[PDB]
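J.: Attaching a single structure in structure tokens format; questions to follow.
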Amino acid sequence: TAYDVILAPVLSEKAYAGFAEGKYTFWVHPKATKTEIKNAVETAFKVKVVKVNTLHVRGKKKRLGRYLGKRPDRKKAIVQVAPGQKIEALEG
Amino acid sequence: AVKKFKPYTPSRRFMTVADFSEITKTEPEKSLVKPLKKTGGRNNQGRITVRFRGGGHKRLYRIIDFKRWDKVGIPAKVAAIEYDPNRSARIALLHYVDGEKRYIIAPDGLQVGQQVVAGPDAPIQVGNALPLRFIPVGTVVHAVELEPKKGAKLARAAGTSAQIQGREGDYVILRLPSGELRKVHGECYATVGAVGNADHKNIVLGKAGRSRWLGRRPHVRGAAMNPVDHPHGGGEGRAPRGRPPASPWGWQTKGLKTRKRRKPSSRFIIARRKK
Amino acid sequence: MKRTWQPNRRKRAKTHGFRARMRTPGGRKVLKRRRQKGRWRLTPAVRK
RNA sequence: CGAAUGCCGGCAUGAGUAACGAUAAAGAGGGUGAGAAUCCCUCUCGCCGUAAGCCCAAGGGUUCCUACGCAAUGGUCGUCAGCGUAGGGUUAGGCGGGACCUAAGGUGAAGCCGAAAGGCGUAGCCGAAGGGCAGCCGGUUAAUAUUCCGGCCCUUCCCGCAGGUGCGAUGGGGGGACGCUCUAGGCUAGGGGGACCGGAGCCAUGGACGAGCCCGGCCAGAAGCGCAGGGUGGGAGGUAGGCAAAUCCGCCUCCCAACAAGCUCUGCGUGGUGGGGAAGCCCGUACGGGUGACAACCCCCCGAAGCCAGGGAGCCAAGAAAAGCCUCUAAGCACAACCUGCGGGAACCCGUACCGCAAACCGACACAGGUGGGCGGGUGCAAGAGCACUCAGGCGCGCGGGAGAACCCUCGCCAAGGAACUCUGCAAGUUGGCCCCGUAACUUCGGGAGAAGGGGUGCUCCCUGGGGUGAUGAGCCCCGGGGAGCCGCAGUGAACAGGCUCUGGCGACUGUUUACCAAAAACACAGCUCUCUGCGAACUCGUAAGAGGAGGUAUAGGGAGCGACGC
RNA sequence: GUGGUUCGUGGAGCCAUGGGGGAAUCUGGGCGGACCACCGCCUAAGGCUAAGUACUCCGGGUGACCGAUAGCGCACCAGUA
Ligand SMILES: [Mg+2]
Ligand SMILES: [Mg+2]
Ligand SMILES: [Mg+2]
Ligand SMILES: [Mg+2]
Ligand SMILES: [Mg+2]
Ligand SMILES: [Mg+2]
Ligand SMILES: [Mg+2]
Ligand SMILES: [Mg+2]
Ligand SMILES: [Mg+2]
Ligand SMILES: [Mg+2]
Ligand SMILES: [Mg+2]
Ligand SMILES: [Mg+2]
Ligand SMILES: [Mg+2]
Ligand SMILES: [Mg+2]
Ligand SMILES: [Mg+2]
Ligand SMILES: [Mg+2]
Ligand SMILES: [Mg+2]
Ligand SMILES: [Mg+2]
Ligand SMILES: [Mg+2]
Ligand SMILES: [Mg+2]
Ligand SMILES: [Mg+2]
Ligand SMILES: [Mg+2]
Ligand SMILES: [Mg+2]
Ligand SMILES: [Mg+2]
Ligand SMILES: [Mg+2]
Ligand SMILES: [Mg+2]
Ligand SMILES: [Mg+2]
Ligand SMILES: [Mg+2]
Ligand SMILES: [Mg+2]
Ligand SMILES: [Mg+2]
Ligand SMILES: [Mg+2]
Ligand SMILES: [Mg+2]
Ligand SMILES: [Mg+2]
Ligand SMILES: [Mg+2]
Ligand SMILES: [Mg+2]
Ligand SMILES: [Mg+2]
Ligand SMILES: [Mg+2]
Ligand SMILES: [Mg+2]
Ligand SMILES: [Mg+2]
Ligand SMILES: [Mg+2]
Ligand SMILES: [Mg+2]
Ligand SMILES: [Mg+2]
Ligand SMILES: [Mg+2]
Ligand SMILES: [Mg+2]
Ligand SMILES: [Mg+2]
Ligand SMILES: [Mg+2]
Ligand SMILES: [Mg+2]
Ligand SMILES: [Mg+2]
Ligand SMILES: [Mg+2]
Ligand SMILES: [Mg+2]
Ligand SMILES: [Mg+2]
Ligand SMILES: [Mg+2]
Ligand SMILES: [Mg+2]
Ligand SMILES: [Mg+2]
Ligand SMILES: [Mg+2]
Ligand SMILES: [Mg+2]
Ligand SMILES: [Mg+2]
Ligand SMILES: [Mg+2]
Ligand SMILES: [Mg+2]
Ligand SMILES: [Mg+2]
Ligand SMILES: [Mg+2]
Ligand SMILES: [Mg+2]
Ligand SMILES: [Mg+2]
Ligand SMILES: [Mg+2]
Ligand SMILES: [Mg+2]
Ligand SMILES: [Mg+2]
Ligand SMILES: [Mg+2]
Ligand SMILES: [Mg+2]
Ligand SMILES: [Mg+2]
Ligand SMILES: [Mg+2]
Ligand SMILES: [Mg+2]
Ligand SMILES: [Mg+2]
Ligand SMILES: [Mg+2]
Ligand SMILES: [Mg+2]
Ligand SMILES: [Mg+2]
Ligand SMILES: [Mg+2]
Ligand SMILES: [Mg+2]
Ligand SMILES: [Mg+2]
Ligand SMILES: [Mg+2]
Ligand SMILES: [Mg+2]
Ligand SMILES: [Mg+2]
Ligand SMILES: [Mg+2]
Ligand SMILES: [Mg+2]
Ligand SMILES: [Mg+2]
Ligand SMILES: [Mg+2]
Ligand SMILES: [Mg+2]
Ligand SMILES: [Mg+2]
Ligand SMILES: [Mg+2]
Ligand SMILES: [Mg+2]
Ligand SMILES: [Mg+2]
Ligand SMILES: [Mg+2]
Ligand SMILES: [Mg+2]
Ligand SMILES: [Mg+2]
Ligand SMILES: [Mg+2]
Ligand SMILES: [Mg+2]
Ligand SMILES: [Mg+2]
Ligand SMILES: [Mg+2]
């Protein structure tokens, strides 16, 4: 369930910009807690998390034909890692 | 006295304001025996039951002592005479040697520094409260109870009082503020003296506001309305009533008696009123 | 001029809201009726 | 089916007609492009600027940014867009809500009532734009920022250590804690000068190298010091009260002290120090960046409606609650516990884009309407948030180009007359600020007073008196007094800016009303009278419980008519 | 005082019952349309009890039922816009 909290990396100009500092941003469970995420990240990518910021991301309303809908709402979590520490998997 | 003004504005040539001398000695009320938000509101559960009420200045409620038999025997010195927005009379804040503080509706002549006390051996004199049957017939008293232990109900408005006309069994006979002769049980507590601030009845409001400040909204006459609204409504161009003067509900309003007939409360009342 | 619709969210919820409709038999009946009718929205769509 | 102002749909007529939504306004040169008066840039021009600028709350819900785009939506056009497709974008212990408090009201253990449904209702609970509560200044993005980064500064928890103490409440007491108007002393925000520091440059068209012109001369900052203020007496004995449990509070008594001090708490100065830092020129379609300096960062003056705040005075209509907080002790427990240091940890949920007096909200519309709070510079006019011009910023109104008819609107002027107009001086004009003279009947002696009626009003030079800040001197502000003289048709030279009087009716007066044809002699109103009500009051609602009346009590309540006042 | 039944005060019984009064245990008590006497019928003031009957959201089978202005409001991504 620790690998159920982190859904995937975000991938985007802005997100990468964080990598310089220990700042990795992820798409996480809409309900996940800052504290829940800290742990999830620690055991998943074996690191020391020291700060966690999160923000909700409302889904973009879309329309394909006369059929109108929305994209699923999401939560974005940007976890800051202990000085000089890298989440290998997200580098490259 | 009463404050007059020079006609520097119309309406100001008429209003007069109370003479706040008896009062004084204190403004802010006693935080302890007054903490009680007064719940304002001119009607019951949503519906207006008493026409034309509302608006009017905010008010804190000073809780007063309408039964002094609690502290029988404990004397108390008169601390101050204050203003009380919720009554015609003023109130006297008193310090019981007990420590306990209480508010009494300030009797006429009761001065700061004096000492008052309640009970059957209370020294018959302005301020003290005793069971009627212990007060010298002929004595003028105020804040009388109507039934033993149910609290003070008669003679409380500014400058009112009752006089003991006679004794008779467990009952004593009083002459109420209305001129009525009532038999009131001898155990009913009453406090010697007249209510005070008897000058209340003479202040002239002076203007339409002021009436508003006291929380009295405009009263519209029946004649000024349409038939749907009141029996006196309608008629082309100013009417003459239409016989006979009645209320918006229908009951005649000139002389028709309203006291419940077979009321047991009779018997005990000997005389009726002033005319 | 000042028109009749003055949107207020708290108001809308407290007045037409699901819980408000439940408090009384008269409102519980509305829900029953909308449902039976197959209405997609049983209660005025509103959020915060 | 031919008819029902029939019903659904389609397409005609009017018609290339009225319209294209405020008369704040346009012109040109470049560029892009298949094509643009309509997109981009540059330069002119006009408008708003108590704004038509900036910020917050509501409401709205991606409208934000960007790349491709132009069928349609845009009242024209379109390469452009609040539009199509797609991708990005909203970061919090300290900002706002929630793991706090109570308000009306709502709900509701007990309890009451009602054919049923259901109506009440004590305690409690819920309830906010009120009380409580620790973050300010900068820098960064295409798009967030007291949230990321930087500096400086804080708050709660938990554990340990050391040192103190009767520690311990959901109970007690204090405190929270409250009005209107007018106000003092200090400050701060904000603004104005500076011959003074810093600064690219500029002497044009006759003159000026000039104290010349132009720009900038700030912000944050713990402890500690300063300056202004706010809050508070200290003792010692008794002790019936705070539904006594208290060393607390409350009362009594006397040993001190008493526009204070002291202790405390805020505000503002300063503070190690961190940051910011114009015009102009160069780079750039765009956004910006260098800059331009190692930038100076100082001095006077004006000054809040803001802060010190729980300040002071006066007044009557007499001005929430509860928690946090301090304190008291009950059970308990005193090898717990609380309290102060110091270390090491912990600190969740939601909001955060964007519009926001508007083309994104409410009005079917990119509607000349409606929308709560804060900032809202300068000069002049007596003052001001008024008026005219302008900073910063934002715009010229999302069809144009011509023509110089009738007529319509909005505006300007007019010979002689001057209300002859007309239901009516309706409309329009006249008068209009300020100062000084001077003002009638009548009057309730306040009024009528801006009554009327006049006179003055610019500028230059000379002299002279008061005050504020400095320092008592100069400056700088602020009100004046007397002289001479100058020029226009005209001196509140523009904008804002009463026409006056006499006499009747009706209401006393201020006020209220038929949201969209009536604002009035109508309603209201202080005041007067009649009448009911003895308090489980009368009356009102309700079947009832219950509630209003009123936690009121005859100088009260209810109802009715009249409507200051005079007779 | 009322309701029920065909019964609307009617000659108004029967069955229920809000009010008042108020028994007896088969030598009892109700009924047969005022009431009385005969002749009869039946056992009140406790409860339970299949089947036959009603309906159609749902599944199926049929139609001198419709055939996209018809047929359900919807043959279609409709209780939607
Ligand atoms: Mg967040
Ligand atoms: Mg209520
Ligand atoms: Mg009236
Ligand atoms: Mg009328
Ligand atoms: Mg009538
Ligand atoms: Mg009524
Ligand atoms: Mg609407
Ligand atoms: Mg509301
Ligand atoms: Mg709707
Ligand atoms: Mg036809
Ligand atoms: Mg025919
Ligand atoms: Mg037809
Ligand atoms: Mg048609
Ligand atoms: Mg045509
Ligand atoms: Mg033509
Ligand atoms: Mg034509
Ligand atoms: Mg034409
Ligand atoms: Mg035309
Ligand atoms: Mg237009
Ligand atoms: Mg136009
Ligand atoms: Mg103009
Ligand atoms: Mg202008
Ligand atoms: Mg203006
Ligand atoms: Mg919002
Ligand atoms: Mg969209
Ligand atoms: Mg955009
Ligand atoms: Mg483009
Ligand atoms: Mg077009
Ligand atoms: Mg778009
Ligand atoms: Mg809560
Ligand atoms: Mg209730
Ligand atoms: Mg309640
Ligand atoms: Mg609560
Ligand atoms: Mg709050
Ligand atoms: Mg608050
Ligand atoms: Mg932005
Ligand atoms: Mg920071
Ligand atoms: Mg203790
Ligand atoms: Mg208290
Ligand atoms: Mg300068
Ligand atoms: Mg210089
Ligand atoms: Mg020259
Ligand atoms: Mg300057
Ligand atoms: Mg400072
Ligand atoms: Mg400083
Ligand atoms: Mg001030
Ligand atoms: Mg509580
Ligand atoms: Mg939680
Ligand atoms: Mg924002
Ligand atoms: Mg507006
Ligand atoms: Mg506003
Ligand atoms: Mg437009
Ligand atoms: Mg508009
Ligand atoms: Mg407004
Ligand atoms: Mg000025
Ligand atoms: Mg002026
Ligand atoms: Mg500009
Ligand atoms: Mg338009
Ligand atoms: Mg003329
Ligand atoms: Mg002439
Ligand atoms: Mg004429
Ligand atoms: Mg004529
Ligand atoms: Mg006129
Ligand atoms: Mg001149
Ligand atoms: Mg000063
Ligand atoms: Mg003027
Ligand atoms: Mg004027
Ligand atoms: Mg005027
Ligand atoms: Mg009038
Ligand atoms: Mg008026
Ligand atoms: Mg009104
Ligand atoms: Mg009207
Ligand atoms: Mg109105
Ligand atoms: Mg009017
Ligand atoms: Mg009108
Ligand atoms: Mg009743
Ligand atoms: Mg009450
Ligand atoms: Mg009248
Ligand atoms: Mg019947
Ligand atoms: Mg019958
Ligand atoms: Mg019965
Ligand atoms: Mg019976
Ligand atoms: Mg029977
Ligand atoms: Mg019978
Ligand atoms: Mg029978
Ligand atoms: Mg029978
Ligand atoms: Mg028979
Ligand atoms: Mg039988
Ligand atoms: Mg049986
Ligand atoms: Mg049986
Ligand atoms: Mg059965
Ligand atoms: Mg059965
Ligand atoms: Mg069947
Ligand atoms: Mg159909
Ligand atoms: Mg067909
Ligand atoms: Mg179907
Ligand atoms: Mg249909």
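Going through the structure tokens in order, the chains are called A, B, and so on, while each chain numbers its residues from 1 and the ligands are numbered from 1 in the order shown.
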Would you list the residues that come within 10 Å of ligand 25? Count only C-alpha atoms (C1' of nucleotides) and all ligand atoms and give the answer as a PyMOL selection string.

T.: (chain A and resi 60-63) or (chain D and resi 62-63+82-84)

J.: Generate a file of the selected residues that holds C-alpha atoms (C1' of nucleotides), formatted as a PDB file, in the first residue's frame.

T.:
```pdb
ATOM      1  CA  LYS A  60     -10.036  19.915 -17.067  1.00  0.00           C
ATOM      2  CA  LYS A  61     -13.546  19.873 -18.441  1.00  0.00           C
ATOM      3  CA  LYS A  62     -13.467  18.277 -21.923  1.00  0.00           C
ATOM      4  CA  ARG A  63     -15.847  17.683 -24.812  1.00  0.00           C
TER       5      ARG A  63
ATOM      6  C1'   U D  62     -10.235  27.319 -16.149  1.00  0.00           C
ATOM      7  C1'   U D  63     -12.284  32.309 -18.362  1.00  0.00           C
ATOM      8  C1'   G D  82     -12.572  35.883 -22.687  1.00  0.00           C
ATOM      9  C1'   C D  83     -13.737  31.320 -29.254  1.00  0.00           C
ATOM     10  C1'   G D  84     -11.553  25.442 -31.433  1.00  0.00           C
TER      11        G D  84
END
```

J.: Among segment 16-199 of chain B, which residues does DSSP mark as strand (DSSP E or B) when it is run on the backbone? Keep the chain and numbering as in the structure and answer as a VMD selection string.

T.: chain B and resid 17 37 43 48 53 60 72 76 to 82 91 to 96 101 to 105 115 to 116 118 129 to 131 140 to 142 144 to 145 152 to 154 162 to 168 170 to 175 181 to 185 189 to 192

J.: For the selection just defined, write its residues with C-alpha atoms to a file, as a JSON list (two decimals), in the first residue's frame.

T.:
```json
[["chain", "number", "residue", "atom", "x", "y", "z"],
["B", 17, "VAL", "CA", -35.25, 64.61, 29.70],
["B", 37, "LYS", "CA", -28.28, 39.23, 27.64],
["B", 43, "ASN", "CA", -43.24, 38.40, 18.57],
["B", 48, "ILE", "CA", -46.04, 39.22, 15.44],
["B", 53, "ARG", "CA", -42.65, 46.87, 18.68],
["B", 60, "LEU", "CA", -28.36, 44.64, 29.16],
["B", 72, "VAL", "CA", -33.91, 37.25, 56.20],
["B", 76, "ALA", "CA", -27.10, 45.19, 53.70],
["B", 77, "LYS", "CA", -25.81, 48.68, 53.00],
["B", 78, "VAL", "CA", -26.99, 50.68, 50.00],
["B", 79, "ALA", "CA", -24.01, 50.83, 47.64],
["B", 80, "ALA", "CA", -25.45, 52.82, 44.76],
["B", 81, "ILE", "CA", -28.53, 53.97, 42.90],
["B", 82, "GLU", "CA", -28.31, 53.17, 39.20],
["B", 91, "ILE", "CA", -32.64, 50.42, 41.09],
["B", 92, "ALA", "CA", -30.45, 50.43, 44.18],
["B", 93, "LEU", "CA", -27.37, 48.22, 44.28],
["B", 94, "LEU", "CA", -26.90, 46.88, 47.75],
["B", 95, "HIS", "CA", -23.99, 45.32, 49.59],
["B", 96, "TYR", "CA", -24.94, 42.60, 52.06],
["B", 101, "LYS", "CA", -24.58, 41.82, 46.14],
["B", 102, "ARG", "CA", -28.13, 42.43, 44.98],
["B", 103, "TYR", "CA", -30.30, 44.90, 43.05],
["B", 104, "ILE", "CA", -33.51, 46.21, 44.60],
["B", 105, "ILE", "CA", -35.96, 48.49, 42.77],
["B", 115, "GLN", "CA", -28.86, 50.18, 55.57],
["B", 116, "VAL", "CA", -31.76, 47.93, 54.71],
["B", 118, "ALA", "CA", -35.65, 41.89, 55.46],
["B", 129, "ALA", "CA", -39.09, 44.29, 53.52],
["B", 130, "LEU", "CA", -41.39, 42.33, 55.80],
["B", 131, "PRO", "CA", -44.35, 39.97, 55.61],
["B", 140, "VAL", "CA", -47.30, 52.87, 52.40],
["B", 141, "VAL", "CA", -45.36, 50.00, 50.89],
["B", 142, "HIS", "CA", -44.20, 48.91, 47.42],
["B", 144, "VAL", "CA", -45.78, 43.69, 47.30],
["B", 145, "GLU", "CA", -46.24, 39.95, 46.67],
["B", 152, "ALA", "CA", -43.19, 40.83, 44.08],
["B", 153, "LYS", "CA", -45.93, 41.67, 41.57],
["B", 154, "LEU", "CA", -47.86, 44.81, 42.67],
["B", 162, "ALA", "CA", -49.90, 50.61, 48.00],
["B", 163, "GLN", "CA", -51.30, 51.35, 51.42],
["B", 164, "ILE", "CA", -52.38, 48.89, 54.09],
["B", 165, "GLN", "CA", -56.01, 49.67, 54.98],
["B", 166, "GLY", "CA", -56.64, 46.92, 57.51],
["B", 167, "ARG", "CA", -56.02, 43.40, 58.79],
["B", 168, "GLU", "CA", -58.42, 40.48, 58.84],
["B", 170, "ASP", "CA", -54.48, 35.58, 57.65],
["B", 171, "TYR", "CA", -55.29, 38.40, 55.24],
["B", 172, "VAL", "CA", -54.47, 42.08, 55.20],
["B", 173, "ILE", "CA", -56.17, 44.63, 52.89],
["B", 174, "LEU", "CA", -54.37, 46.81, 50.35],
["B", 175, "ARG", "CA", -55.20, 49.86, 48.25],
["B", 181, "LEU", "CA", -59.07, 47.44, 47.24],
["B", 182, "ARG", "CA", -57.49, 43.97, 47.34],
["B", 183, "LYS", "CA", -57.15, 41.37, 50.08],
["B", 184, "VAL", "CA", -53.61, 40.03, 50.01],
["B", 185, "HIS", "CA", -52.38, 37.22, 52.26],
["B", 189, "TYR", "CA", -43.71, 40.17, 51.62],
["B", 190, "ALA", "CA", -43.75, 43.88, 50.85],
["B", 191, "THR", "CA", -41.09, 46.53, 51.31],
["B", 192, "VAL", "CA", -41.82, 49.82, 53.08]]
```

J.: Run DSSP on the backbone and tell me which residues of chain A come out as helix (DSSP H, G or I); list them as a list in words.

T.: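 Taking chain A and keeping helix (DSSP H, G or I) gives residues 13, 14, 15, 16, 17, 18, 19, 34, 35, 36, 37, 38, 39, 40, 41, 42, 43, 44, 45, 88, 89 and 90 of chain A.
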
J.: Output the selection as a short mmCIF file (atom, residue, chain, number, x, y, z; two decimals), in the first residue's frame - C-alpha atoms for each residue.

T.:
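Okay, this is what ended up in result.cif:
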```cif
data_model
loop_
_atom_site.label_atom_id
_atom_site.label_comp_id
_atom_site.auth_asym_id
_atom_site.auth_seq_id
_atom_site.Cartn_x
_atom_site.Cartn_y
_atom_site.Cartn_z
CA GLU A 13 9.24 21.87 -17.37
CA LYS A 14 8.32 23.14 -13.90
CA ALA A 15 8.60 19.77 -12.18
CA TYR A 16 12.06 19.01 -13.54
CA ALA A 17 13.17 22.49 -12.39
CA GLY A 18 12.85 21.18 -8.87
CA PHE A 19 15.28 18.28 -9.25
CA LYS A 34 1.34 14.92 3.69
CA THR A 35 2.56 12.56 6.37
CA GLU A 36 1.29 9.53 4.45
CA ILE A 37 3.23 10.71 1.43
CA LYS A 38 6.41 11.35 3.39
CA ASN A 39 6.48 7.72 4.49
CA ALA A 40 5.37 6.39 1.11
CA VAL A 41 8.26 8.22 -0.53
CA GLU A 42 10.81 7.18 2.09
CA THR A 43 10.19 3.42 1.74
CA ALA A 44 9.64 3.53 -2.01
CA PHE A 45 12.73 5.43 -3.13
CA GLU A 88 17.66 7.92 -8.74
CA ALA A 89 14.55 6.72 -10.58
CA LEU A 90 13.49 10.31 -11.42
#
```

J.: Need the shell around segment 364-373 of chain D: protein/DNA/RNA residues with any atom at most 7 Å away, counting only C-alpha atoms (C1' of nucleotides). Skip same-chain ones fewer than 2 positions apart. Format as a list in words?

T.: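 The residues that qualify are residues 1 and 2 of chain C; 22, 357 and 359 of chain D.
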
J.: Could the residues in this selection be written to a file with N, CA, C and O atoms (P, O5', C5', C4', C3', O3' and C1' of nucleotides), as a PDB file, in the first residue's frame?

T.:
```pdb
ATOM      1  N   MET C   1     -31.404  47.683 -12.853  1.00  0.00           N
ATOM      2  CA  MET C   1     -32.046  47.583 -11.508  1.00  0.00           C
ATOM      3  C   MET C   1     -31.447  46.399 -10.755  1.00  0.00           C
ATOM      4  O   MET C   1     -30.598  45.694 -11.295  1.00  0.00           O
ATOM      5  N   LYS C   2     -31.880  46.185  -9.512  1.00  0.00           N
ATOM      6  CA  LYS C   2     -31.398  45.039  -8.741  1.00  0.00           C
ATOM      7  C   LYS C   2     -32.351  43.901  -9.037  1.00  0.00           C
ATOM      8  O   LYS C   2     -33.526  43.975  -8.713  1.00  0.00           O
TER       9      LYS C   2
ATOM     10  P     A D  22     -21.209  52.066 -27.932  1.00  0.00           P
ATOM     11  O5'   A D  22     -20.897  52.685 -26.501  1.00  0.00           O
ATOM     12  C5'   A D  22     -20.733  54.099 -26.334  1.00  0.00           C
ATOM     13  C4'   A D  22     -22.046  54.809 -26.534  1.00  0.00           C
ATOM     14  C3'   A D  22     -21.872  56.292 -26.800  1.00  0.00           C
ATOM     15  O3'   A D  22     -22.853  56.682 -27.734  1.00  0.00           O
ATOM     16  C1'   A D  22     -23.264  56.015 -24.932  1.00  0.00           C
ATOM     17  P     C D 357     -13.747  45.811  -9.799  1.00  0.00           P
ATOM     18  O5'   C D 357     -14.908  46.741 -10.356  1.00  0.00           O
ATOM     19  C5'   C D 357     -15.652  46.342 -11.519  1.00  0.00           C
ATOM     20  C4'   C D 357     -16.666  47.394 -11.881  1.00  0.00           C
ATOM     21  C3'   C D 357     -16.163  48.827 -11.846  1.00  0.00           C
ATOM     22  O3'   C D 357     -16.694  49.512 -12.967  1.00  0.00           O
ATOM     23  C1'   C D 357     -18.019  48.571 -10.384  1.00  0.00           C
ATOM     24  P     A D 359     -16.578  45.899 -19.028  1.00  0.00           P
ATOM     25  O5'   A D 359     -16.886  44.901 -20.225  1.00  0.00           O
ATOM     26  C5'   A D 359     -18.226  44.616 -20.579  1.00  0.00           C
ATOM     27  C4'   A D 359     -18.412  43.139 -20.738  1.00  0.00           C
ATOM     28  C3'   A D 359     -17.728  42.266 -19.691  1.00  0.00           C
ATOM     29  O3'   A D 359     -18.599  41.249 -19.177  1.00  0.00           O
ATOM     30  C1'   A D 359     -17.101  41.599 -21.902  1.00  0.00           C
TER      31        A D 359
END
```

J.: Any residue with an atom at most 9 Å from ligand 62 counts, using only C-alpha atoms (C1' of nucleotides) and all ligand atoms. Which are they? Put them as a ChimeraX atom specification.

T.: /D:420-422

J.: Okay, now the selection with C-alpha atoms (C1' of nucleotides), as a PDB file, in the first residue's frame?

T.:
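Saved result, part.pdb, follows:
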```pdb
ATOM      1  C1'   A D 420     -47.846  89.965 -25.689  1.00  0.00           C
ATOM      2  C1'   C D 421     -46.480  82.737 -25.005  1.00  0.00           C
ATOM      3  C1'   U D 422     -49.447  79.280 -22.436  1.00  0.00           C
TER       4        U D 422
END
```

J.: Hey, which residues come within 7 Å of ligand 19 if we count only C-alpha atoms (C1' of nucleotides) and all ligand atoms? Could you give them as a count of residues only?

T.: 3

J.: Neighbours of ligand 88 within 9 Å, counting only C-alpha atoms (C1' of nucleotides) and all ligand atoms, as an NGL selection string?

T.: :E and (30-32 or 41-42)

J.: Around ligand 45, which protein and nucleic acid residues have at least one atom no more than 9 Å from it, if we count only C-alpha atoms (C1' of nucleotides) and all ligand atoms? List them as a PDB file with C-alpha atoms (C1' of nucleotides), in the first residue's frame.

T.:
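Result file follows (part-v8.pdb):
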```pdb
ATOM      1  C1'   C D 219      12.282  49.480   2.889  1.00  0.00           C
ATOM      2  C1'   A D 220      12.663  45.468   6.662  1.00  0.00           C
ATOM      3  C1'   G D 221      15.259  44.676  11.073  1.00  0.00           C
ATOM      4  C1'   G D 269      12.501  55.749  16.991  1.00  0.00           C
ATOM      5  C1'   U D 270      16.939  53.406  16.844  1.00  0.00           C
ATOM      6  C1'   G D 271      19.148  49.090  16.465  1.00  0.00           C
TER       7        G D 271
END
```

J.: Taking only C-alpha atoms (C1' of nucleotides) into account, report as a tab-separated table (two decimals) with N, CA, C and O atoms, in the first residue's frame which residues of chain C lie within 8 Å of chain E.

T.:
```
chain	number	residue	atom	x	y	z
C	37	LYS	N	-39.08	9.82	-10.96
C	37	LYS	CA	-39.05	10.43	-12.28
C	37	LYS	C	-37.73	10.17	-12.99
C	37	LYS	O	-37.60	10.42	-14.20
C	38	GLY	N	-36.75	9.67	-12.24
C	38	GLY	CA	-35.45	9.38	-12.83
C	38	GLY	C	-34.56	10.59	-13.01
C	38	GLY	O	-33.57	10.53	-13.75
C	39	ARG	N	-34.91	11.69	-12.34
C	39	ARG	CA	-34.13	12.93	-12.42
C	39	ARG	C	-32.67	12.62	-12.14
C	39	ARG	O	-32.37	11.91	-11.18
C	40	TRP	N	-31.76	13.15	-12.95
C	40	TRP	CA	-30.34	12.90	-12.75
C	40	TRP	C	-29.84	13.61	-11.49
C	40	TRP	O	-28.95	13.11	-10.81
```

J.: Any idea what the distance is between atom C1' of residue 538 of chain D and atom CA of residue 234 of chain B?

T.: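 These two atoms are separated by 28.0 Å.
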
J.: At a cut-off of 7 Å around ligand 64, and using only C-alpha atoms (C1' of nucleotides) and all ligand atoms, what residues come up? Please write them as a ChimeraX atom specification.

T.: /D:458-459,487,491
